[PDB]
Amino acid sequence: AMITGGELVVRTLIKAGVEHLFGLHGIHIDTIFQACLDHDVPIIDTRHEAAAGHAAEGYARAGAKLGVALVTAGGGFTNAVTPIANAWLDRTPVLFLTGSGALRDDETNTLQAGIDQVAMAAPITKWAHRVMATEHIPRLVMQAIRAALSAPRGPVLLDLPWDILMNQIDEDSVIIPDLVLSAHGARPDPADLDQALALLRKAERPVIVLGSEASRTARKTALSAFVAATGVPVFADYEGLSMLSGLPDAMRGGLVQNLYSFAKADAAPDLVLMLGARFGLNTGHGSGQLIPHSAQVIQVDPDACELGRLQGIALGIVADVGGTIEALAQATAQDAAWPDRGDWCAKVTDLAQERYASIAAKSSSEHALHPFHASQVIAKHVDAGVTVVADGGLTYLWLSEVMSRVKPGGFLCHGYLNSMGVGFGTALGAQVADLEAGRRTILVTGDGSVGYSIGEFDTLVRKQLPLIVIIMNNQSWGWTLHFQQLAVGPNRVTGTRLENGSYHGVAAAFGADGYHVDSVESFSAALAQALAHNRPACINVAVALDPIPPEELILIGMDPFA
Amino acid sequence: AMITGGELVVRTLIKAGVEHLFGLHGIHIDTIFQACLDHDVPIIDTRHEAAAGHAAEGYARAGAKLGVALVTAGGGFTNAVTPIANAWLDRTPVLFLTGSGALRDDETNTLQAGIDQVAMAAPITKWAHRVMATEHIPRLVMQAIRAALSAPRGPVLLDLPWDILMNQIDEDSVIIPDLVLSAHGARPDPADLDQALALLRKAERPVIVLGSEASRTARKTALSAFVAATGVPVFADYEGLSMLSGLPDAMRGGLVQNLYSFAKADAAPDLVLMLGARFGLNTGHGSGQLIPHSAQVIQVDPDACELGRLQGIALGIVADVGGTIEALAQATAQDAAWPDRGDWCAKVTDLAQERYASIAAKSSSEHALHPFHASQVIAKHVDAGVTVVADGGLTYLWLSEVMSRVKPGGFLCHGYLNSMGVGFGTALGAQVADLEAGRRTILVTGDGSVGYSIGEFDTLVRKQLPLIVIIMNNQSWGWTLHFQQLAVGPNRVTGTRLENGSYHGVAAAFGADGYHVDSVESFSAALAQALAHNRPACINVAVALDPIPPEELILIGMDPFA
Amino acid sequence: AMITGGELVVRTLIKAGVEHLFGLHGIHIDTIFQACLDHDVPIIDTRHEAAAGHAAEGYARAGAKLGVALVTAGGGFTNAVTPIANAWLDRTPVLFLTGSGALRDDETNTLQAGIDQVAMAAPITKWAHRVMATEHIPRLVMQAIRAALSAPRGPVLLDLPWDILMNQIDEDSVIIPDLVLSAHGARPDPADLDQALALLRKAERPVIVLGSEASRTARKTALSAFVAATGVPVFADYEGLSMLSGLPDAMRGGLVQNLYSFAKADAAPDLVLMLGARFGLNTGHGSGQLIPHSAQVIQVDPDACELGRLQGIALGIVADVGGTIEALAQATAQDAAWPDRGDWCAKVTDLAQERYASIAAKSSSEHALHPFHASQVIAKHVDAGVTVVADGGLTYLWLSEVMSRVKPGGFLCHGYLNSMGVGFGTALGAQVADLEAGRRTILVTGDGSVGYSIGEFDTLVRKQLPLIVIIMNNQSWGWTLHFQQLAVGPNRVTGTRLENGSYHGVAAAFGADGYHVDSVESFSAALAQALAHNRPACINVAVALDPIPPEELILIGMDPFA
Ligand SMILES: Cc1ncc(C[n+]2csc(CCOP(=O)(O)OP(=O)(O)O)c2C)c(N)n1
Ligand SMILES: Cc1ncc(C[n+]2csc(CCOP(=O)(O)OP(=O)(O)O)c2C)c(N)n1
Ligand SMILES: Cc1ncc(C[n+]2csc(CCOP(=O)(O)OP(=O)(O)O)c2C)c(N)n1
Ligand SMILES: [Mg+2]
Ligand SMILES: [Mg+2]
Ligand SMILES: [Mg+2]
């Protein structure tokens, strides 16, 4: 028959293995909407394009697969910029399909047309391109997919002029190709794999730090066989945590942010193995905090820029992180000459424990519900059947203190962009990935960050998504209000207080469950209540503002343990 | 004494004459926040950076001045992109002040940093530029203002590294320089102005069409001098309508879209003078449905691409629209012999009025409130004491049909980008520019577009803004659903129905007045009620889905009077 | 019949009045070649696309019209970058027509395809754009011409995919539109015009400075009437010098660079009138050496960025420079009472003349011909019938000192880009424009610079172009060798000597008249010889290296006088 370019897009995505798209409708991309309707593909349609974009991210992260986002021309695309920017830095594999002006209505001042979407998207994407001919649609779509999913994973834009989409050709003119890209990643040269193992055996205090790319390939069975052979502790940046949930408990060092007072302990790691973790913000930069200059560092990253960009390393290998762990278990299933790491692993869990006691010792929840305490109520329900998504300022800095101790099904936190509010978006789409697994999603967000996408309680309800939103309400933009007294001066705070409005009143008005809580018990009663029930909820949690997280004081450059 | 890069900016904006900024606080730009506090200059902080940017647009357009927008690094900037794009196409003079990563922490994977902000805004701005030394700030800020304000007016982006903002210097070492740019625009060469007036005299059915740029300089008394002398009617595209409000009633033609039904009456304009109107969406592209190919066209635009871009004109002048009007009055003051236009002007008002009676005659509001009947209820409250702001899909297309009859102090509608939801931001900042002038602002929005910025009721209450928001709620993304049922098929509707949620409840949750009305009486009661009170209000108006606005059928290329 | 997209281009250029192209043939752009050959418009085909690009600049600047460059896809476009860049900063109206890959051969790794040609040209052009439809060619080309030719004049890039160019439509289906854009530019307000004149009347030591845009619009008759009425002296940067050749000699201040030693004379100008000169390289920046801080500045520029960008000004008008000179003569036709400026005019020509003898006084041509003495030889032939083109390092810094006194038909020197070797290109194109005027072109280049485009002697020969090329050969990259010893150290000069080659031998091996000269008499004799002959000539002049252009010392910030 004769199908439209819109249909050609959809066949190609179905051929890849795509089963959900997140989007918001426009006349310009309606041919895709029509084709999805025809091929029984869900198109979760949100209230803001950005929220749909982040929804694709969360699906991609929580799902360990490709996320797809669909936005209309002009305003559709520009509303989509923040999720693209976010997925760019988080290294999140998301295909962004956008409509634009008709080729033939080029340069005529028509509606939603005239802005250079690929130009805009270029410095934010692994690849961005505008389709010039309908026959190109199947192969350009697959190309776009391949680029996003290969290492390092990242966001890709495909600009589908209205003109090309509506247009129609003969089904036989064109070939819908398969996704013919191996699921297995590239492995290091046998020469280096041996040198890195030789180094790890000589190590007295060795550690491994997992990055985002450990989670995208998700090679758990091979990682377990490897830790089970060498017996070395394992840390991760935020994205990496999901991986540490198949590991014995003494071999779990937790969040990379623990390796801080390992110096002040005369116990600083002897060697560091970085698999996908970059010398960015999550690893304490080139400063030496979490990773020590003295230490001999082995860094694996598909992207050779990252190889000792900030510190000098000892060995740097270009390869896929997931494909590397496979090559690691394989070469460690004959060794058997691996030292006992008891005394080392012992202190690792000890130092993490001291921090947990040191914060619980500082926590007074006498007058207003301390935030470190509230996070514990949440900790109580976190296991492999629960994806946790974090947003807000101080509120996610408090969760990190409680997150090393539990074993989550997914954990999705801020990337280098650190854009407040992308929480709803990411969380929503996370739940759609979690529906298959039976996992349930919980968003822990700030009173500020919820305001960005508050309308999404509508989408939650319309699409029947049982996401629980916990709003840690301190009646302010938390992180910034602290900066104002702590970096500027006590009496002068502006543009940061948010002392107005029932967020729970909003959610109830949008059709979701309202809960209001201020005490520890009030909160635990409500969280267990919302979890028991199988529909969307909002919990407005009154927390103190004054308390200063240890992580806030690390990042400006001070010791919270001195 | 010693100053910081932030202070330098604030002093430079004050020497320009700026009295409000719209922003959203982040630590990267806190320096400006602090300097503003010192100088009693208000920063209206919203819930989303987008809403802030659009608020600067609304400030600018309704204020006939520069609108200033301030956003933080990274997510702060990318969230502000929809406002920049809109400002670009609307030709709206807005200065966009963005923070970025520190210069000394360049290329290190730090926080909110690594996205090429200037590159991203390049295709959307008259000028984009990242500041490289703290002493450059005062002259780089002024150069940005001049860039923004010169014709054609447009957005300008100025990236201030955090490094450079926090950074510190001597008061007398650098110079806060003055705003030296003449307010009066450039005039056509007299030989061309004479060609034009000669042409205008010989015309049998002459019209004038105003664009954005007429409203920007706002030379009202020079238009009245010119119309009341040649006696020619005057039309305007959306941005230009504000300018027709101090004009004699007979020589007002209304919105440029009334020139449709002018052919079928053998009364198509003989000559068309276009002052800032571009050929494109507002003026019926190159089709000659509005501007007939037969007519002698005279076009005046600051930007030369624009001159006869889609049609052939007889005269194309590069000049300021504002200054061209001044010359049009100048050259008309001695000229005694202008023909009588009484019969033609009678014909213009006659054709426009037949249109109105034709719509009312086809409008039943018995089963559910007709969107037209609803639009009339609003129009009876519109005079020069009111700025009406429009958003949504079908809802604004209906409102246009009543807007030609009333003389508004401001009318801010969709530009070419047609981004749904920009209504809140613009409407908010419009109310800020309106407070000083004493005028009151109404936003007339659809049920879809309001969901975009619905947390902004928070800003409406925190900041004490008596903005009334009418939601024309047809429980669907109206305009796209009409495309789906009319051009694809009645049973093929997906992703456009919005069958959920109390919007008036949402406003009531943030502390605004809630109204839910459905009949003509109820709504008029509700509107008059909210207007009496100096308070932020939300009117949720239940309106019909089925009716097709005459503009929907015109823009698709059909006759709606057939 | 049916014509080609190539034909559609040529028909449109023809309607603009384009009578010559500069280019270099590729198969992608052959349809334009066929259409030019069909319609007898000459395409001057050079040996390098950069020479073709620059030749178009010279044609534009020397003919005071639009210039058109035509380069093929890929290498054709990239070779064209330096001319586009130069035209951008010189403000030169140049249409760049480029081929690119076939739309339907998109992303297929083909011949000459794949490089984002509009992206690369975006920051270098007023407008860069890829043509998307064969129907579009006529209106897009004219839109391009309008954008290049509007104030401020600058280069435009039009990308014409080979696919769309080969395409064939029906003649009658598309309309080849006229150039309807008034040749007179916009004039200043009459409030401001009068303020400037009253300020000019109150002035005690007023001066006028013409910049690039004065030569573009070329409003000579209006300038003669204006200086001859107020009697104020008049300077110019390099581009502006051509206009000073229709002026009584005492009223000629010459090159703007004379106003240097005017301060230490207590003769620093009271008031400065800037017509299109920008605060920058030619005008001693924001430093106030040439354009004093004490003095009141009145600045007129099409681009408002420029208005007091580096100094504070007293008045700043957005207007076309050509139009402003008109308005000025106009307003001076009634103004009978302009004071006598005899005392000031005399002082001016006196100081410029003293500086001149000050250099001849310190010049010795005994052991090798002095570069200034050599410059004087050339000055003896410069009149209204000669276009002089300068290139090279020291060699042109020497001419400037001799150039103020003589009144040339054209004078084309380096723009802000200051790119060596662009001489042949610009000069060759200059000679083509000069054929209509009867003027002859003479290029003064250095030994390093001729080296860039040396093969162009071949184009001079094949194409019968009697351009005379004087090489001031000091067997080195002069300017950089001087920086090395004068700012770095005596004994450390590397990579700057060019002690090799017969340049005259090269020109003769290509077909042109070869001359070798080292003394004053040899040089004057041969220069006079090649001029009598109506052929292309090369003159290789051995000049001294050790000398030091006063300008070379006026730019590090030091003083070549007191
Ligand atoms: C998109 C974006 N990202 C980051 C910032 C800067 N920022 C970092 S933390 C913060 C306050 C967040 O408040 P909230 O979400 O309530 O969390 P809290 O720290 O108050 O608990 C802001 C404004 C910003 N202004 N915009
Ligand atoms: C930012 C943006 N997103 C999506 C669209 C596509 N679109 C055009 S009209 C329309 C429906 C608008 O709905 P609503 O605000 O309720 O107005 P109404 O239903 O009354 O027409 C949509 C989704 C758009 N033009 N801009
Ligand atoms: C395109 C380009 N422009 C400028 C320079 C830097 N530069 C400025 S002057 C100069 C020497 C010019 O030598 P020549 O052409 O012989 O003139 P001379 O001063 O030696 O007489 C150089 C290399 C450069 N390397 N490349
Ligand atoms: Mg908070
Ligand atoms: Mg609606
Ligand atoms: Mg030389």
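Rules behind the numbers
Residues numbered from 1 in each chain as written, not as in the entry; some residues may be left out. Chains lettered and ligands numbered in written order. Part of a larger assembly, values for the part shown. Heavy atoms only, no water. UniProt positions renumbered as here; feature names shortened; annotations may be inferred. Helix = DSSP H or I, 4+ residues; strand = E, 2+ residues; numbered from the N terminus. Rg over C-alpha atoms; globule rule 2.2 N^0.38 Å. Buried < 20%, exposed > 50% of the residue type's maximum accessible area, 1.4 Å probe, protein only. Areas by Shrake-Rupley, 256 points an atom, 1.4 Å probe, with all protein chains shown as cover. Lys, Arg positive; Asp, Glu negative; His and termini not counted. Charge placed at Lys NZ, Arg CZ, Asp CG, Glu CD. Donors = N, O, S within 2.8 Å, 3.2 Å for Na, K, Ca; no water. Tetrahedral: all angles 85-135°; square planar, octahedral: opposite > 155°, others 65-115°. Core = buried A, V, L, I, M, F, W, Y, C linked by side-chain atoms within 4.5 Å. Contact = heavy atoms within 4.5 Å. Salt bridge = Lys/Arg side-chain N within 4 Å of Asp/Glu carboxyl O. Near = heavy atom within 4 Å. Polar contact = N/O pair within 3.5 Å; in protein donor to acceptor, adjacent residues only side chain to side chain. 1 Å grid on protein atoms, 1.4 Å probe; cavity = no way out; pocket = protein on both sides within 12 Å on 5 of 7 lines; lining within 4 Å. Sits in = over half its atoms within 2 Å of the grid points. Domains from an automatic or database assignment. Buried area = accessible area lost by both parts, 1.4 Å probe. Nonpolar A, V, L, I, M, F, W, Y, C, P; charged D, E, K, R; others polar.

As recorded in the PDB entry, chain A goes by Formolase and comes from Pseudomonas fluorescens. Here the PDB entry's recorded title is "Crystal structure of the formolase FLS_v2 in space group P 21". Under Cofactor (unreviewed entry), UniProt gives the following word-for-word description of chain A: "thiamine diphosphate".

Enquirer: So what exactly am I meant to see when it comes to the overall build of chain A here?
Expert: Along its length, chain A carries 21 helices and 20 strands. Relative to the compact-globule value of 24 Å for 562 residues, chain A shows a C-alpha radius of gyration of 24 Å, a close match. By residue count, 66% of the 562 residues in chain A fall in the buried class. Carbon and sulfur atoms provide 50% of the accessible area of chain A, an area that totals close to 17,900 Å². Between the centroid of the 37 positive side chains of chain A and the centroid of its 57 negative side chains there is a distance of 4 Å.

Enquirer: Help me out: how do you make sense of the coordination of the magnesium ion (ligand 4) in this one?
Expert: For a metal bound by four donors in tetrahedral geometry, the ideal donor-metal-donor angle is 109.5 degrees, whereas six donors in octahedral geometry ideally sit at 90 or 180 degrees. Residues and elements named next belong to chain A. The protein atoms that coordinate the magnesium ion (ligand 4) are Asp447 (OD), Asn474 (OD1) and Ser476 (O), at distances of 1.9 to 2.8 Å. Because the angles between the six donor atoms bound to the magnesium ion (ligand 4) fall within 59 to 153°, the donor set is best described as irregular. Sequence positions of the donors to the magnesium ion (ligand 4) reduce to the motif D-x26-N-x1-S. Here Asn474 lies in the loop between β18 (468–473) and α18 (478–488) and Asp447 lies in the loop between β17 (440–446) and α17 (457–462), a separation of 27 residues in the sequence.

Enquirer: Where do I start with the nonpolar core in this structure?
Expert: Within soluble globular proteins, side chains that are nonpolar tend to cluster in buried spots. The biggest cluster of nonpolar side chains holds 346 residues, and the ones touching the most others in it are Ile539(A) and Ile539(B). Setting aside chain neighbours within four positions, we find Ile539(B) in contact with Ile468(B), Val469(B), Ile470(B), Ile471(B), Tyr515(B), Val517(B), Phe523(B), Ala526(B), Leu527(B) and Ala530(B). Formed by 76 residues, the second largest nonpolar core is a distinct cluster that contains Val131(A), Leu165(A), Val9(C) and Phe33(C).

Enquirer: Looking at this structure, how should I read the coordination of the magnesium ion (ligand 6)?
Expert: Coordination sphere of the magnesium ion (ligand 6), protein contribution only: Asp447(C) (OD) and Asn474(C) (OD1), at 2.0 to 2.1 Å. When its relative accessible area of 2% is taken as the criterion, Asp447(C) is described as buried.

Enquirer: Sorry if this is basic, but what is going on with the pattern of salt bridges here?
Expert: All chains considered together, the criterion is met by 85 salt bridges over all chains. Across the pair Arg309(B) and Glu107(A) runs a salt bridge, and its minimum N-O distance is 2.9 Å. Remark: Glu107(A) occurs in the loop between β5 (94–100) and α6 (117–121) and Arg309(B) occurs in the loop between β13 (296–301) and β14 (315–318); the pair is interchain, linking two chains. Between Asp434(B) and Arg439(B) there is a salt bridge, with the nearest N and O atoms lying 3.1 Å from each other. The class for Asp434(B) is buried, based on a relative accessible area of 0%. Here the residues in one salt-bridge network are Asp45(A), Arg47(A), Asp458(A), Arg462(A) and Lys463(A), joined through shared partners.

Enquirer: I tried to follow the site of ligand 2 on my own but got confused; where do I start?
Expert: Within the structure, ligand 2 sits among 26 residues, and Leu394(B), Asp447(B), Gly448(B), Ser449(B) and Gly478(B) are positioned closest to it. With respect to ligand 2, its neighbouring residues span chains A and B. Take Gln112(A): an N or O atom from its side chain is 3.0 Å from a nitrogen atom of ligand 2. Coverage of ligand 2 by the protein amounts to 99% of the 600 Å² it exposes when considered alone. The site holding ligand 2 turns out to be the largest cavity. Among the elements of the structure, α15 (394–399), α17 (449–452) and α19 (478–488) of chain B are those that each provide at least two residues to the shell around ligand 2. It is α19(B) that contributes the most residues to the shell around ligand 2, three residues altogether.

Enquirer: Help me understand the domain arrangement of chain A, please; the structure alone is not making it clear to me.
Expert: Interfaces are often described in size by the accessible area the parts lose on coming together. Residue and element names in this part refer to chain A. Taken domain by domain, chain A consists of domain 1 (1–182), domain 2 (183–362) and domain 3 (363–562). For domain 1 versus domain 2, the separation of C-alpha centres amounts to 36 Å. At the interface, twelve residues of domain 1 touch 15 residues of domain 2. With both sides pooled, the region where domain 1 packs onto domain 2 buries about 1,100 Å², and carbon together with sulfur makes up 39% of that total. The three residues of domain 1 that bury the most area against domain 2 are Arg91, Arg153 and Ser182, which together make up 54% of that side's buried surface. Where domain 1 packs against domain 2, one counts five salt bridges. Put simply, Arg153 and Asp320 hold a salt bridge, and the shortest N to O gap is 3.4 Å. Classifying every residue of the side of domain 1 that touches domain 2 by side-chain character gives six nonpolar, two polar and four charged.

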